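One chain is shown next in structure tokens, namely the form deposited in one PDB entry.
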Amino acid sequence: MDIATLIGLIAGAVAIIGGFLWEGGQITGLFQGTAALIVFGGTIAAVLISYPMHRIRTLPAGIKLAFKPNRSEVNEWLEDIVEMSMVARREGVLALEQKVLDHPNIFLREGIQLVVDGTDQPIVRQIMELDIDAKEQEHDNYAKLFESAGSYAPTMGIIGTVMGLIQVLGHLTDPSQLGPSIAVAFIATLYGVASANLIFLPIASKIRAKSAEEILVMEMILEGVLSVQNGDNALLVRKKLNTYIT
């Protein structure tokens, strides 16, 4: 897991549970079976109706993009593109093929393959930008599942509470327990709001943050391959690519 998510979950549990215990309570009074089944079951139902089945199989991959550690290999590639620049300058474009064959980055490998095949500069720009646009769209689709789960969850909490209160309207005759009865009913709304705000919308926001980092790295590889095709000098190549790395 990401260290920020681990510390965030620790802080979140201490805030909510510690707050409840400080005003006075038991944690066993904050757990309900039926409220969990209505809120989570209802959210899951609304998401499954909302999306085709193939999207839901992407949901596993969505969490892997969010919680993955930051490998941060961008710097390594910035060097390589600079080095390819120097090879292209002395040796000619055929040497770029032999340099690139076994590079662990596919997008870079394909970009260089288009330049060694001698394609004209607007065409290599067009094909590589279509790959970037496809990755932008893919990551947005993962995030949208979690954003939509976060918008149904609070309303499912309301359905939960109103179902609780309908049962209580059958026991209004006993005034002593009406009060404790209403409290148990409210538990569902606490789940609806709390799950949306802590779990669902944070996972969506973290997906969108990590997508933006990865798209920058792709755009650098795009300016890198167009720069080596233009035949810029190594100092100018380094200066352009440096604008991307933070």
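Residue positions are given as counts along the sequence shown, with the first one as 1. If you superpose the two forms and keep the largest set of C-alpha atoms that fall within 1.5 Å, you have the rigid core.
There is another form of this protein, the form deposited in another entry, and it is not shown here; the text below is about that form.
Legend entry - Rigid core superposition between this form and the one not shown: residue from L114, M163, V93, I132 with Cα shift of 2 Å or more: Single residue meeting the criterion: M163.
Legend entry - Displaced residue check between this form and the one not shown: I123, CA, 2 Å or over, core reference: No; that C-alpha moves by less than 2 Å between this form and the one not shown.
Inset, instruction - Could you tell me whether the Cα atom of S176 shifts by at least 2 Å between this form and the one not shown after core superposition? - result: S176 C-alpha, core-superposed: shift of 2 Å or more.
Legend entry - CA of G231, rigid core aligned, shift of 2 Å or more between this form and the one not shown: Shift of 2 Å or more: no.
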